[PDB]
């Protein structure tokens, strides 16, 4: 019954598993409908944690996802997990068990953060468990596994960034039902775009709605105290637009740039100009004149 599988969840919200041998076996212009938001290799009997925008976490075994192969869509996650109305996926984390890392750290749209012991989430309660108490106009945006020795990076849509060390002193572990503490401070005009764990030798790739992208080595993000305004990670220009993509990449990463007009461009991280934190980005190759960028996705 226990098999190795590839789990795929589309950006459109459909989930399936595929036996790894069949997946490999099943190896045209790219279509937005086929963009995969979450992809990993695991056991049928591993757990998948679905963190929602409303700050809940629903768990499922990988075998709870339907078998379908590479062409078929699978089941929509909101039906499979019985999400509340309007509830959407914010992040998905696959685990072998609740000791995979010491902590889960969550980050909210309005810049709040919280560390909780991962074992606090080991509950068979159905219908979703609260992972963070949100104010009425907040949403959960990020969730990562980490240890007290890690640094975290928060990036906002307007291009602020803050890096701080997730020590016990900086971020005391809190219960699931509690509210977050301030992670980055910004006004109503800004909102958090991404949360990531700092890893040596990687880059933060940012991209604006106007199609301008760059990647900056992670070592150029300065460590600061939690809760500040942070530092800029883009040279802002009215015409170039706000950020649409905040993500960590390495030299070998492959990405999909989702454009206006229903388009998708294959963009390797090696095509994206390595530059400084506040150096202007470079227009993505194969972006048509007048076309804009909606998102940056990963390619397996």
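Residue numbers count along the first chain shown, from 1.
Q. Does the deposited sequence hold unmodelled residues between residue 238 and residue 239, and if so, how many: none, 1 to 3, 4 to 9, or 10 or more?
A. Gap between residue 238 and residue 239: none.
Q: Select between 5-13 and 278-286 the stretch whose C-alpha atoms have the higher average B-factor in the entry.
A: The stretch with the larger mean CA B-factor is 278-286.
Q. Looking at the entry, does 74-82 or 214-222 show the higher mean C-alpha B-factor?
A. If you average the C-alpha B-factors of 74-82 and of 214-222, the larger mean comes out for 214-222.
Q: Determine which member of 64, 251, 33, 46 has the highest CA B-factor, using the values in the deposited entry.
A: Highest C-alpha B-factor among the listed options: 251.
Q) Taking the Cα B-factors listed in the entry, which of 114, 199, 88, 117 comes out highest? A) That would be 199, according to the entry.
Q) Going by the entry, which third of its chain does the Cα temperature factor of residue 189 land in? A) For residue 189, whose C-alpha B-factor we compare with every modelled residue in the chain, the answer is the highest third.
Q) Lowest, middle or highest third: where is residue 99 by C-alpha B factor in its chain? A) Middle third by C-alpha B-factor.
Q) Taking the C-alpha B-factors as the PDB entry records them, is residue 55 in the lowest, middle or highest third of its chain? A) Tercile = lowest for this residue's CA B-factor.
**Q.** Among modelled residues of the same chain, the CA temperature factor third for residue 177
**A.** For residue 177, the deposited C-alpha B-factor lands in the highest third.
**Q.** Record-listed C-alpha B factor of residue 121: chain third
**A.** It falls in the middle third of the chain.
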